[PDB]
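Positions of Cβ are generated from backbone atoms using ideal geometry, with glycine treated the same way; all protein chains shown enter the neighbour counts. Where a number appears in this text, it was derived from the coordinates with a stated rule and is not lab data.
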Amino acid sequence: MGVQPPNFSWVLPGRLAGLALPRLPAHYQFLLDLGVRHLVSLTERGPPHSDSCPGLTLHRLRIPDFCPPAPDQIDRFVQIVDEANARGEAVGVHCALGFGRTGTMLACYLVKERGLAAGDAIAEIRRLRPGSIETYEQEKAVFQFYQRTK
């Protein structure tokens, strides 16, 4: 039995989801039940109770709140999703609220998945998850990822 964590939704159904901070054993069980085997954690302090769920692998990429992921972090995130999805495993990504840091990562993955530029990728994540991508530097990070990988 799982309990859906806060602000959870699929971006790529069965492949890639965003969420706010998970914090109960049943949140992690929910992720496992939905086929998630990897949780990319962007917070400065690990989410509560993750150690109750050994079957879920956490990948901690620390990003200060209201700041963008760095290029190495974007590349690592993209690798984690590509490799997990190729193994038939889904990935979740979270921050404290699930909007800024999380939305920026999700938009970068769409740049790659759909061959989009940042305007389209950011628009799409905002359509799916209104409130996503909170700062100017977060927007610029998606743009620069596009430029590096075009």
Residue within segment 13-22 that is touching a residue at least 60 places away in the same chain (Cβ under 8 Å), within 21 Å of residue 128 (Cβ to Cβ), touching a helix residue (DSSP H, G or I) at 6+ places or on another chain (Cβ under 6 Å) and surrounded by fewer than 22 Cβ atoms within 10 Å (Cβ to Cβ) present: yes
Test: residue in segment 38-46 that is of a type in the set (A, V, I, L, M, F, W, C) and over 15 Å from the mean Cα position of the chain (by Cα): no
Criterion: over 17 Å from residue 142 (Cα atoms) and in contact with a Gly (Cβ under 8 Å, 6 or more places away or on another chain) - qualifying residue of 98, 88: 88
Residue, nearest to residue 96 (Cα to Cα), within segment 1-22, restricted to residues that are among the hydrophobic types (A, V, I, L, M, F, W, C) and not in a loop (DSSP other than H, G, I, E, B): 19
Segment 56-84 residues that are touching a residue at least 12 places away in the same chain (Cβ under 8 Å) and under 21 Å from residue 96 (Cβ atoms), paired with ones that are hydroxyl-bearing (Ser, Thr, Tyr) and part of a loop (DSSP other than H, G, I, E, B) (beta carbon under 6 Å, 6 or more apart): 66/135
Residue ID - surrounded by the fewest Cβ atoms within 10 Å (Cβ to Cβ), chosen from residues in segment 1-12 that are among the hydrophobic types (A, V, I, L, M, F, W, C) and over 19 Å from residue 126 (Cα atoms): 1
Filtered residues of segment 23-52 (kept if surrounded by 19 or more Cβ atoms within 10 Å (Cβ to Cβ), in a loop (DSSP other than H, G, I, E, B) and touching a helix residue (DSSP H, G or I) at 6+ places or on another chain (Cβ under 8 Å)): 42
Residues of segment 66-78 satisfying the condition of being surrounded by fewer than 18 Cβ atoms within 10 Å (Cβ to Cβ) and in a helix (DSSP H, G or I): 71, 72, 75, 76
Residue 145 being touching a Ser or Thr at 6+ places or on another chain (Cβ under 7 Å) and farther than 17 Å from residue 10 by Cβ: no
